[PDB]
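Okay, so here's just one chain, in structure tokens, the form deposited in one PDB entry.
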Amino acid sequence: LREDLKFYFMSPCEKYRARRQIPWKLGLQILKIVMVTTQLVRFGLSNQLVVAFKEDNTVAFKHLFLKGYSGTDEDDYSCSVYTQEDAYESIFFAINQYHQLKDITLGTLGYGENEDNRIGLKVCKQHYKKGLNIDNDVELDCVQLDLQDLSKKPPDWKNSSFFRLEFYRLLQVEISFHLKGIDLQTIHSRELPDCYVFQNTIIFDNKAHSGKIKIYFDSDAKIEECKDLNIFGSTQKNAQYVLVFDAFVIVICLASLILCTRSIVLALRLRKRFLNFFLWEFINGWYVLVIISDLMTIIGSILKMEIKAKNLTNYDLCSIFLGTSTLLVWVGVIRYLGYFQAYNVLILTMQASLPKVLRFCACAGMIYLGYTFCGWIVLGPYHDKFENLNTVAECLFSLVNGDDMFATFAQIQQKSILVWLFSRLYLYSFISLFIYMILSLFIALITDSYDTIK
């Protein structure tokens, strides 16, 4: 039993130095680290290319169809108008741009079919029925504008009574159309280009009824088969090319999953044997982390394989899984390196101070929450950094860590002398209090780290 206990606590390198036991587990771990990092890098590069293409196309569309587009979104919406003729001009400009799409576009862009396979432009409007007499119910009417209708020498659609919008009753006007684009940037690699279908919606939203309508542009994009295309170049097989690399990563992490599970079981067996002799110290906390990382890697690889198989363009859950898995993989490198045993005093303090810091954070947290609520309720309407609770929390965290305090002082509005005076008291007290609380903490931590060690 004593021989087994010494062997289980022994480091693999010294296991080979004394017992000549080959540490295949360490090599498997290193291989897993390398494969996970390589897979993450490849996935990141591919996503970078696809996302860059889609965002560039969206920017080009915004420049083409939005009237007087500056080049930067004013907020969550691209642009806004404040006058009836301005809104009319924006709508008519968007419609007229779509008609000459061929003469204007600089890229490989063409007209796309709708759900019922028809090239055209659909515009819908919403109003409260008059029945300022109005009713809560809304009316929705849409008109389909084909390319033939827009091509007519007399536009006609413009003279239609459909466009007489009663802005006082208007809710929103939405313009939707489909476009097909091909990225020739990939043809150089002899890799057959992948056609894209863009579903664009322009929403002239005035739901607020505050005298200003907001123009939203959304461009949903997806990959489609390049039926209408003829290039001297090879097709794509890289799908199956990467399909084996992902499978190998799954197998390697699956092996590491069982291997760590078997080691935990053997540890439990030894503790039972030790307990019989003597009728937390046996469960490595670095094995459960490895198990979690393996599970996350397997899930992320499965999601990536599913995304690649179905030619999906959304990689948010898979990316999160892969990133967390890689982070956990690198903390295991810390574990292995620490085998040197020249890391002790630091580890000790990290265990001694953890309860004290956790107690301090619980106390400081209640002051922080109250300050958050007070700041949001008082400086909410007068400060841009205090508009909502989450923003208040982030601003207070930054202030606690020494960031952007002068901007916080400056961006207040002196239009209200009562609020301005309170803000100075609010900001000065908060910064002074948390500096002092962090002061009283370090000194205590130090005084106690001497009692425990000396």
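Numbers follow the displayed sequence, beginning with 1. We call the rigid core the largest set of C-alpha positions that still match within 1.5 Å between the two forms.
Below, we refer to the form deposited in another entry, which is not included among the displayed structures.
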Of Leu327, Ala247, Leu101, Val357, the residue whose C-alpha shifts by 2 Å or more between this form and the one not shown, after superposition on the rigid core, is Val357
Original post:
Does superposing the core leave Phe373 with a CA shift of 2 Å or more between this form and the one not shown?
Top reply: no
Check your understanding: Does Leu346 count as moved between this form and the one not shown, where moved means a C-alpha shift of 2 angstroms or more after fitting the rigid core?
Key -> yes
